Amino acid sequence: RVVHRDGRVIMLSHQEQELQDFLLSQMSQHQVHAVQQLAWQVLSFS
Amino acid sequence: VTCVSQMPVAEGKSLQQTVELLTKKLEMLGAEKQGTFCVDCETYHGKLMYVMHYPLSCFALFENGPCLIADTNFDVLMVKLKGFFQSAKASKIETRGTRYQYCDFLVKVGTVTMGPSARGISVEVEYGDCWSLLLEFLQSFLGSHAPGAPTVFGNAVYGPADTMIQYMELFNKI
Amino acid sequence: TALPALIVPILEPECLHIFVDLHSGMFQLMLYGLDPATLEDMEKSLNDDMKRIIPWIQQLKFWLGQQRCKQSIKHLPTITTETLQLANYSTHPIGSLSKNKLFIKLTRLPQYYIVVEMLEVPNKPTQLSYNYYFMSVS
Amino acid sequence: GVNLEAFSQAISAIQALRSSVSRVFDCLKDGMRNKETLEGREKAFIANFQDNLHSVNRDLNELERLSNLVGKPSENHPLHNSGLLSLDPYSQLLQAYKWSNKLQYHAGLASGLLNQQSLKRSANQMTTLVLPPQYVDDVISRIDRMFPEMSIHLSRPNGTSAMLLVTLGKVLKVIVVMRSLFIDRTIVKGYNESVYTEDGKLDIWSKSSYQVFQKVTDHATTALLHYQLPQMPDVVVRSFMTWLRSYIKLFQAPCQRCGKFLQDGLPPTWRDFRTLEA
């Protein structure tokens, strides 16, 4: 079982965890958001 | 915790048919067969026996649930006082029925014993009070009912297995 | 088949493994997933008749298709069910045993989403083509 | 009590009590420039008159006021004045009394605006974030127990790491087994389902409940994994305790009905509401 932020528990199998890549993409987006907050900060339409 | 039962307010057809319609509504809500239980009653002139969930029986005229043993421990006492305290009048009606679980809860409807008896329902909770929220469930089940009247102002707290005394109130409805 | 026992697929890609009791009859089986205490009926039926297999085949097909659907949609905010629980106007929807998903992020329950694969594919035990239909009831 | 601050608002009230009547006569200082649309201008006059009703409201404002008076009048403030002429050149201190307050108040804004940080980096500028002494755990325990009506206990039978249990009004105790400094890997149960006093033989784990508190446990784990600030672990555990405190009621049910599911709770926004909706 796994929870990123919102209790998103899902079941899976031995060697099927490609959701990790989706988490990487979301983290990239969140990092764009954070660096935009660093340096003119656009809205939160991500 | 142990919410008190309620009288079968719904009475517009056959008691069996009424229980069937109630179970159909419960299934329409969505549940599973969690077994079938019963509620016994034996009065002795007034110790009222009882049994529920389930390896334990209970009997008390007016006490705060003095039962912590099986029926054998109590039945032996009754058999020993066959002339001392054995005042077994006409056998008190005893209900039974299946039990289902919508979600994280439990439901149980009763049946008639001699035929002109009630078919009330019983529900409980999982918290330790909080009588307001649990009512909402019954609002989805039926109309206005379930006055409750628990042993309030005690939390002698949380009413552990004391709801059987409330069950005696259901036995009063005769 | 294999060395210990046989193997049977259910889809056209892993699941639905079945083996034999080396000490008695009633060969057991276990599909990685859900629905326990229900496969036991299938076990009993195979132990008794051994002929009726294809109804359980179709049932497992439906079950695993819906399971894959849910397991792939459970990444976005949603919720599953088994029926709309309200057949008010039985004119708009039509079909067979189906599934349904909903959502919260847009609104509480403005429009559900009932979906069903086109079962009984022509000359294909798999690939039900996963028909889709949208509804806008409230 | 602190109701005295309300009188401050009353001050502003009576201020209007002046301005109002001025706004009256100023409105009477001139007539219709050019209405050309309607005669509500005169009504406009009465409009200002309407605001005079506010003055009566001031008299009403005193109904909520006057809670109670405190003993020892003058509040030990003019005791310095009782000193001889030698003590009178001392008011300076009183000034600082306000100044210091302003200081705090200033920080009250400053620290607030410090929330929007600008630390483009936090490494390659240096250590030992794990607390060495096995005494800061007791310090955090005492700080948490300083909170009222919420008892905390700890035994730590596993070893160097920290192990503790907390109880509330209900029997929904929470067992937190974490590292030296910050809280992680906790669990919750209810009604002796854990019984982590002498469960079996000791404070057992048992990783279970009857499918009611599991969501709360997952949410608490998420909150622990999210509130892990880079520094100030005391602040982290205090925030965790404040978050835990928000379930002491489990009564309300906004933005939905109390029938959506088994229960409802997800307050990382300092306010609980119907779960499965955020």
# chains A, B, ... in the order shown; residues from 1 in each chain; ligands from 1
call {"tool": "select_by_dssp", "arguments": {"residues": "chain A", "states": "helix (DSSP H, G or I)", "output": "PyMOL selection string"}}
result
chain A and resi 19-38
call {"tool": "interface_residues", "arguments": {"of": "chain D", "to": "chain B", "cutoff": "8 Å", "atoms": "only C-alpha atoms", "output": "PyMOL selection string"}}
result
chain D and resi 170-171+191+210-212+251+258-259+261-262
call {"tool": "write_last_selection", "arguments": {"atoms": "C-alpha atoms", "output": "mmCIF file, in the first residue's frame"}}
result
data_model
loop_
_atom_site.group_PDB
_atom_site.id
_atom_site.type_symbol
_atom_site.label_atom_id
_atom_site.label_comp_id
_atom_site.auth_asym_id
_atom_site.auth_seq_id
_atom_site.Cartn_x
_atom_site.Cartn_y
_atom_site.Cartn_z
ATOM 1 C CA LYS D 170 -12.470 8.305 23.204
ATOM 2 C CA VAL D 171 -10.544 5.014 23.176
ATOM 3 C CA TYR D 191 -11.514 0.402 21.975
ATOM 4 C CA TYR D 210 -11.827 -3.128 12.005
ATOM 5 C CA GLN D 211 -11.633 -1.053 8.815
ATOM 6 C CA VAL D 212 -12.646 2.234 10.452
ATOM 7 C CA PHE D 251 -19.386 15.402 15.500
ATOM 8 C CA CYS D 258 -23.327 12.164 7.654
ATOM 9 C CA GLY D 259 -23.976 9.120 5.491
ATOM 10 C CA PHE D 261 -19.149 6.517 4.405
ATOM 11 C CA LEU D 262 -18.009 4.968 7.697
#
call {"tool": "closest_atom_pairs", "arguments": {"of": "chain B", "to": "chain C", "cutoff": "10 Å", "atoms": "only C-alpha atoms", "output": "JSON lines"}}
result
{"residue": "B:28", "atom": "CA", "partner": "C:85", "partner_atom": "CA", "distance": 7.8}
{"residue": "B:29", "atom": "CA", "partner": "C:85", "partner_atom": "CA", "distance": 8.7}
{"residue": "B:30", "atom": "CA", "partner": "C:82", "partner_atom": "CA", "distance": 9.9}
call {"tool": "write_last_selection", "arguments": {"atoms": "C-alpha atoms", "output": "mmCIF file, in the first residue's frame"}}
result
data_model
loop_
_atom_site.group_PDB
_atom_site.id
_atom_site.type_symbol
_atom_site.label_atom_id
_atom_site.label_comp_id
_atom_site.auth_asym_id
_atom_site.auth_seq_id
_atom_site.Cartn_x
_atom_site.Cartn_y
_atom_site.Cartn_z
ATOM 1 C CA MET B 28 -30.618 -2.325 -1.895
ATOM 2 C CA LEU B 29 -28.362 -0.266 0.359
ATOM 3 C CA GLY B 30 -25.734 -2.975 -0.120
#
call {"tool": "residues_around", "arguments": {"residues": "residue B:70", "least_positions_apart": "6", "cutoff": "8 Å", "atoms": "only C-alpha atoms", "output": "JSON, numbers by chain"}}
result
{"B": [55, 56, 57]}
call {"tool": "interface_residues", "arguments": {"of": "chain D", "to": "chain C", "cutoff": "9 Å", "atoms": "only C-alpha atoms", "output": "JSON, numbers by chain"}}
result
{"D": [256, 276, 277, 278]}
call {"tool": "interface_residues", "arguments": {"of": "chain C", "to": "chain A", "cutoff": "12 Å", "atoms": "only C-alpha atoms", "output": "ChimeraX atom specification"}}
result
/C:14-15,32-34,67-68,70-79
call {"tool": "write_last_selection", "arguments": {"atoms": "N, CA and C atoms", "output": "PDB file, in the first residue's frame"}}
result
ATOM      1  N   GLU C  14       0.024 -14.640 -16.010  1.00  0.00           N
ATOM      2  CA  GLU C  14      -0.163 -13.385 -15.294  1.00  0.00           C
ATOM      3  C   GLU C  14      -1.268 -13.504 -14.251  1.00  0.00           C
ATOM      4  N   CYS C  15      -2.340 -14.211 -14.603  1.00  0.00           N
ATOM      5  CA  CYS C  15      -3.477 -14.363 -13.708  1.00  0.00           C
ATOM      6  C   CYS C  15      -4.107 -15.732 -13.924  1.00  0.00           C
ATOM      7  N   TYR C  32      -4.811 -14.373  -8.674  1.00  0.00           N
ATOM      8  CA  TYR C  32      -4.263 -13.228  -7.959  1.00  0.00           C
ATOM      9  C   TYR C  32      -5.186 -12.026  -8.114  1.00  0.00           C
ATOM     10  N   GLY C  33      -5.719 -11.528  -7.004  1.00  0.00           N
ATOM     11  CA  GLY C  33      -6.718 -10.483  -7.074  1.00  0.00           C
ATOM     12  C   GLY C  33      -7.637 -10.437  -5.873  1.00  0.00           C
ATOM     13  N   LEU C  34      -8.939 -10.541  -6.110  1.00  0.00           N
ATOM     14  CA  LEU C  34      -9.939 -10.308  -5.074  1.00  0.00           C
ATOM     15  C   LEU C  34     -11.030 -11.365  -5.212  1.00  0.00           C
ATOM     16  N   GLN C  67     -11.675  -5.292 -13.008  1.00  0.00           N
ATOM     17  CA  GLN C  67     -10.568  -5.108 -12.077  1.00  0.00           C
ATOM     18  C   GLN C  67      -9.451  -4.286 -12.707  1.00  0.00           C
ATOM     19  N   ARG C  68      -9.081  -4.618 -13.946  1.00  0.00           N
ATOM     20  CA  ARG C  68      -8.075  -3.846 -14.666  1.00  0.00           C
ATOM     21  C   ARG C  68      -8.515  -2.397 -14.826  1.00  0.00           C
ATOM     22  N   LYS C  70     -10.596  -0.657 -12.944  1.00  0.00           N
ATOM     23  CA  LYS C  70     -10.541   0.047 -11.668  1.00  0.00           C
ATOM     24  C   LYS C  70      -9.100   0.297 -11.234  1.00  0.00           C
ATOM     25  N   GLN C  71      -8.226  -0.688 -11.431  1.00  0.00           N
ATOM     26  CA  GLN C  71      -6.841  -0.591 -10.992  1.00  0.00           C
ATOM     27  C   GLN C  71      -6.092   0.464 -11.792  1.00  0.00           C
ATOM     28  N   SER C  72      -6.517   0.698 -13.032  1.00  0.00           N
ATOM     29  CA  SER C  72      -5.930   1.755 -13.838  1.00  0.00           C
ATOM     30  C   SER C  72      -6.578   3.113 -13.624  1.00  0.00           C
ATOM     31  N   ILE C  73      -7.841   3.162 -13.195  1.00  0.00           N
ATOM     32  CA  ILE C  73      -8.485   4.454 -12.989  1.00  0.00           C
ATOM     33  C   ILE C  73      -8.310   4.934 -11.553  1.00  0.00           C
ATOM     34  N   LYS C  74      -7.777   4.088 -10.672  1.00  0.00           N
ATOM     35  CA  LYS C  74      -7.657   4.447  -9.264  1.00  0.00           C
ATOM     36  C   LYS C  74      -6.477   5.371  -8.986  1.00  0.00           C
ATOM     37  N   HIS C  75      -5.886   5.946 -10.032  1.00  0.00           N
ATOM     38  CA  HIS C  75      -4.833   6.939  -9.869  1.00  0.00           C
ATOM     39  C   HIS C  75      -5.356   8.363  -9.807  1.00  0.00           C
ATOM     40  N   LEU C  76      -6.479   8.642 -10.456  1.00  0.00           N
ATOM     41  CA  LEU C  76      -7.148   9.929 -10.417  1.00  0.00           C
ATOM     42  C   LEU C  76      -8.287   9.895  -9.405  1.00  0.00           C
ATOM     43  N   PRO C  77      -8.704  11.050  -8.886  1.00  0.00           N
ATOM     44  CA  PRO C  77      -9.796  11.057  -7.905  1.00  0.00           C
ATOM     45  C   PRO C  77     -11.086  10.516  -8.503  1.00  0.00           C
ATOM     46  N   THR C  78     -11.560   9.408  -7.935  1.00  0.00           N
ATOM     47  CA  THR C  78     -12.760   8.747  -8.432  1.00  0.00           C
ATOM     48  C   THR C  78     -13.354   7.818  -7.384  1.00  0.00           C
ATOM     49  N   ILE C  79     -14.359   7.039  -7.782  1.00  0.00           N
ATOM     50  CA  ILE C  79     -14.986   6.062  -6.900  1.00  0.00           C
ATOM     51  C   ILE C  79     -15.707   5.049  -7.778  1.00  0.00           C
TER      52      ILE C  79
END
call {"tool": "residues_around", "arguments": {"residues": "residue C:3", "least_positions_apart": "3", "cutoff": "12 Å", "atoms": "only C-alpha atoms", "output": "MDAnalysis selection string"}}
result
chainID C and resid 6:7 19:20
call {"tool": "write_last_selection", "arguments": {"atoms": "N, CA and C atoms", "output": "CSV table (one decimal), in the first residue's frame"}}
result
chain,number,residue,atom,x,y,z
C,6,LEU,N,-1.3,-27.4,-15.1
C,6,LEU,CA,-1.6,-26.7,-16.4
C,6,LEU,C,-1.7,-25.2,-16.1
C,7,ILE,N,-1.8,-24.4,-17.2
C,7,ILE,CA,-2.0,-23.0,-17.1
C,7,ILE,C,-3.0,-22.5,-18.2
C,19,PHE,N,-3.8,-25.4,-10.1
C,19,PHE,CA,-2.9,-26.5,-9.9
C,19,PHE,C,-3.7,-27.7,-9.3
C,20,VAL,N,-3.0,-28.7,-8.9
C,20,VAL,CA,-3.7,-30.0,-8.6
C,20,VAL,C,-3.2,-30.4,-7.2
call {"tool": "residues_around", "arguments": {"residues": "residue C:96", "least_positions_apart": "2", "cutoff": "12 Å", "atoms": "only C-alpha atoms", "output": "PDB file with C-alpha atoms, in the first residue's frame"}}
result
ATOM      1  CA  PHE C  62     -15.834  -9.833 -16.691  1.00  0.00           C
ATOM      2  CA  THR C  83     -25.040   0.018 -10.347  1.00  0.00           C
ATOM      3  CA  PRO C  93     -29.353   3.578 -20.813  1.00  0.00           C
ATOM      4  CA  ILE C  94     -29.457   0.005 -22.132  1.00  0.00           C
ATOM      5  CA  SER C  98     -21.763  -3.158 -16.557  1.00  0.00           C
ATOM      6  CA  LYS C  99     -19.531  -1.033 -14.336  1.00  0.00           C
ATOM      7  CA  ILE C 114     -21.455   4.024 -16.570  1.00  0.00           C
ATOM      8  CA  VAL C 115     -19.277   1.986 -18.938  1.00  0.00           C
ATOM      9  CA  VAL C 116     -19.348  -1.590 -20.241  1.00  0.00           C
ATOM     10  CA  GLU C 117     -17.186  -3.558 -22.638  1.00  0.00           C
ATOM     11  CA  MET C 118     -18.825  -5.014 -25.731  1.00  0.00           C
ATOM     12  CA  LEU C 119     -19.002  -8.570 -24.403  1.00  0.00           C
ATOM     13  CA  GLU C 120     -19.241 -11.623 -26.675  1.00  0.00           C
ATOM     14  CA  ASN C 131     -17.412   0.156 -25.467  1.00  0.00           C
TER      15      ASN C 131
END
